[PDB]
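Note on naming: letters A, B, ... go to the chains in the order of the sequence lines (proteins, then strands), and numbering restarts at 1 for each one.
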Amino acid sequence: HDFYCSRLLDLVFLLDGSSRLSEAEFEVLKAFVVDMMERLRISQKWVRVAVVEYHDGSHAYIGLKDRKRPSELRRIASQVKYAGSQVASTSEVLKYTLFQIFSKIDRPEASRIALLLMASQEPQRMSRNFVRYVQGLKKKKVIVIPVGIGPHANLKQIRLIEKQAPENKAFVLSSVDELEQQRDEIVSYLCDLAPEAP
DNA sequence: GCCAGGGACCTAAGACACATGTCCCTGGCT
């Protein structure tokens, strides 16, 4: 509907930077992130946002404590560079979320959610400590919401995420074209997990 | 005992691990 989110929430967008998404498909992914951010009350007192493109490493474009205006944050999200890497590592970006983004829980009153937008399957070698990163995030009360996009999304890892906590709800889409159709449902679900201000 | 696959966990409050260690299930190899 005409829904907007004004809760105590740290929302992290993790964008698959592999060639499983074309440059075109990746523009539609960024558009979805921008569309989502337009339904957020972005502020240090309300919804804080982070945006990372992940390949075999993590490229952070927005940090939670970046004191820039929302208009500028939505622009930075719009111009996230297409990588088209051979590998996108869900393990790598969850490790990055655990040890860098949520290194310190210095805003304990807010809910913490990582939207994991995945279109690929990492080499098994890289998945060694996948479950421990997901469990590590659970122990920081970080909700991991996997969004499977294309037919190469790691369904094994989506299921492994779902089982670790009841609030780790999976969204399994056929392509990026279905993202805009579920924006209201996804943003509504994220928001209802976050507490209202006193 | 060795190798290749699939899982469960400790090294958990910042790491550096795409790494060691323990346990369980398959399939090969004197």
Side-chain angles (χ1 to χ4, degrees), chain A residues 7-22 25-26 29 44-67 80-172 190 193-195:
Chain A
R7 304 281 184 99
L8 309 188
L9 172 66
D10 296 344
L11 183 60
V12 183
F13 298 92
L14 307 175
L15 308 190
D16 188 320
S18 75
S19 51
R20 287 313 197 179
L21 303 176
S22 66
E25 287 177 326
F26 191 68
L29 178 53
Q44 292 296 119
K45 299 170 179 182
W46 296 104
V47 184
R48 301 197 307 175
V49 168
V51 179
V52 182
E53 171 272 300
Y54 69 95
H55 39 280
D56 53 290
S58 299
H59 189 347
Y61 282 83
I62 306 167
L64 291 167
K65 75 215 304 160
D66 286 355
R67 284 188 322 289
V80 166
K81 294 142 156 284
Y82 180 66
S85 62
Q86 285 158 116
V87 182
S89 176
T90 47
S91 291
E92 180 67 21
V93 74
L94 286 179
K95 172 179 72 197
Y96 185 86
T97 303
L98 181 49
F99 288 107
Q100 294 306 139
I101 297 177
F102 296 120
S103 175
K104 300 202 170 87
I105 310 302
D106 48 7
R107 197 198 180 197
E109 76 272 27
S111 282
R112 295 173 285 285
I113 306 181
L115 208 66
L116 186 57
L117 300 139
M118 38 196 298
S120 62
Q121 180 162 125
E122 69 188 355
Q124 185 55 221
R125 162 178 88 266
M126 298 192 188
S127 305
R128 184 97 173 255
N129 308 303
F130 174 75
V131 172
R132 183 175 173 83
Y133 298 133
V134 174
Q135 286 178 358
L137 284 170
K138 181 182 184 191
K139 289 172 187 179
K140 292 192 183 184
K141 305 176 189 170
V142 175
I143 302 164
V144 183
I145 292 169
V147 183
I149 287 164
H152 303 276
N154 194 341
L155 297 185
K156 235 78 191 296
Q157 283 189 166
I158 291 169
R159 295 191 223 108
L160 283 180
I161 289 164
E162 286 190 88
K163 74 152 80 170
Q164 303 301 327
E167 40 268 298
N168 286 1
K169 169 162 179 163
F171 292 82
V172 173
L190 309 188
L193 291 172

Would you measure the distance from the [atom1] atom in [N] across to the matching atom in [M] and give it in whole Å?
N: B:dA19; M: B:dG5; atom1: P; answer: 12 Å
N: B:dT30; M: B:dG6; atom1: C1'; answer: 27 Å
N: B:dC10; M: B:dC23; atom1: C1'; answer: 11 Å
N: B:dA12; M: B:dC2; atom1: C1'; answer: 33 Å

Review point. Which residue, A:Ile113, A:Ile145, A:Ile143, A:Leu64, forms the side chain to side chain contact (heavy atoms under 4.5 Å, CB included) with A:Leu11?
Key: A:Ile113
Just to confirm, is there a sub-4.0 Å distance from OP1 or OP2 of [N] to any side-chain nitrogen or oxygen of [X]?
X: A:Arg132; N: B:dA17; answer: no
X: A:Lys139; N: B:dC10; answer: yes
X: A:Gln124; N: B:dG6; answer: yes
X: A:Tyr133; N: B:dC18; answer: yes
X: A:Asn129; N: B:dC18; answer: yes
X: A:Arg128; N: B:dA17; answer: no
X: A:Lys95; N: B:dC18; answer: yes

Practice item. List the steps, then state whether side chain to side chain contact (heavy atoms under 4.5 Å, CB included) holds for A:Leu29 with A:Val80. Key: CA-CA 10 Å; A:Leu29 178 53; A:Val80 166; over 6 Å; no
Mind running a 4.0 Å heavy-atom check of [range] against DNA chain B and sending the residues that fall below it, in number order?
range: residues 150-163 of chain A; value: A:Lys156, A:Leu160, A:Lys163
range: residues 83-91 of chain A; value: none
range: residues 99-119 of chain A; value: A:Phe99, A:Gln100, A:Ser103

Check your understanding: Donor-acceptor pair, A:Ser58 side chain versus A:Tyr54 backbone, under 3.5 Å?
Key -> no
Study note, to complete from the structure: Residue set satisfying ring pair (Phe, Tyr, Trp, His ring centres under 6.0 Å) with A:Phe26, at least two apart, ordered chain then number -> A:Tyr82
Revision key, fill the gap. Sequence neighbours excluded, the answer for ring pair (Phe, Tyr, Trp, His ring centres under 6.0 Å) partners of A:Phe171 is none
What residues, two or more places apart in sequence or in another chain, satisfy salt bridge (charged side-chain N to carboxylate O under 4.0 Å, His left out) together with [X]?
X: A:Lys65; answer: A:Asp106
X: A:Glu92; answer: A:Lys95
X: A:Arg48; answer: A:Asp10

Revision key, fill the gap. Expected label for B:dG5, using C1'-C2'-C3'-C4' where a positive value gives north and a negative one south, is north
Check your understanding: Which sugar class, north or south, is indicated for B:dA19 by the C1'-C2'-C3'-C4' dihedral?
Key -> north
Practice item. Quick one: list whatever passes side chain to side chain donor-acceptor pair (under 3.5 Å) with A:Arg20, sequence neighbours left out. Key: A:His152
State which residues pass side chain to side chain contact (heavy atoms under 4.5 Å, CB included) with [X]; sequence neighbours excluded, sorted by chain then number.
X: A:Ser22; value: A:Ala24, A:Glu25
X: A:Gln135; value: A:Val131, A:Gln164
X: A:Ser111; value: A:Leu9, A:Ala194, A:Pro195

Review point. Given atom NZ of A:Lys138 and atom P of B:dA8, what is their separation to the nearest angstrom?
Key: 13 Å
Revision key, fill the gap. Rounded to whole Å, CD of A:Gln164 lies from P of B:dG7 at a distance of 13 Å
Check your understanding: Just checking, are the bases of B:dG14 and B:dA15 stacked by our 5.5 Å, 30° definition for the six-membered rings?
Key -> no
Exercise for review: Nearest-nucleotide wise, let me know which of A:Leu137 and A:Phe130 is further upstream toward the 5' end of DNA chain B.
Suggested key: A:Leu137
